[PDB]
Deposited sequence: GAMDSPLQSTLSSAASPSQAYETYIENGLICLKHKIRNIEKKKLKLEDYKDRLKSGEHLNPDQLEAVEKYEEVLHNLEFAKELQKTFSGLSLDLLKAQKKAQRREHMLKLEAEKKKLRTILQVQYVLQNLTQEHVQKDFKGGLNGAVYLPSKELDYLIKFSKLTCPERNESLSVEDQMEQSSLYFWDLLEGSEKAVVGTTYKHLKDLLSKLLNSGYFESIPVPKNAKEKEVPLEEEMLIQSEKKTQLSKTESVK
């Protein structure tokens, strides 16, 4: 249970305490080597003698490590705010798409609602009054699907139950997947409805 932000936050924090732990570990052996140095200076094994030679290496490694630590400790917000900004822009783009998806569902609903009507179906069957001709097979997909998305009120179902079933059909249709439905696919139906939406037929429908 964590968001993409707190993950990156945990990564930045884990990086800083990483340098802290590494610097403290270098400084620990520096003090261990400085005690090995003062032991021989006052007058006092071979293996240890090998460690005291790396005192310059250990001291230089500490110079680099403290350099990165001060750099990254300030460089945090440069990569941390860039993350916050990139997430904000991401969320807004997704919000936009969500709002546009809702508009699209309502447009499609409007087409499917009118396709339940007899005079509208006859127009697409005969290619009449500005409708695009649909072969009887194609028109049947839309009629059948209009009964799944715009059913007449079925009082044996609860409102909530009926709305949920209709909502799933609108959702899958918008997904345009290859799943099967009323003898075709959602993808085919999403294309059919696009043509109908762009045909201009549904801009004004007589009585």
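Taking the first deposited residue as 1, the stretches without any C-alpha atom are 1-13, 58-59, 223-254.
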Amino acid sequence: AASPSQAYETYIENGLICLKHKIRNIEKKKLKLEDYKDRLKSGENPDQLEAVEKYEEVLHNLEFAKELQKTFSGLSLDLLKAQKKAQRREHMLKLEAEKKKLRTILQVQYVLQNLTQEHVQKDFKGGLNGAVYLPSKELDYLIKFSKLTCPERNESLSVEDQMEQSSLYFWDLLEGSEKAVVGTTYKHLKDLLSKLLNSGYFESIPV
From here on, numbers count along this sequence of modelled residues.
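Two stretches are in play, 57-65 and 175-183, and the higher mean C-alpha B-factor belongs to 57-65. For the pair 86-94 and 73-81, the record assigns the higher mean C-alpha temperature factor to 73-81. As recorded in the entry, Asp47 carries the highest CA temperature factor of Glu155, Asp140, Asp47, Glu160.
In this PDB entry, the Cα temperature factor of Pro4 sits in the top third of its chain's modelled residues, the highest group. When the modelled residues of the chain are ordered by C-alpha B-factor, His21 sits in the highest third.
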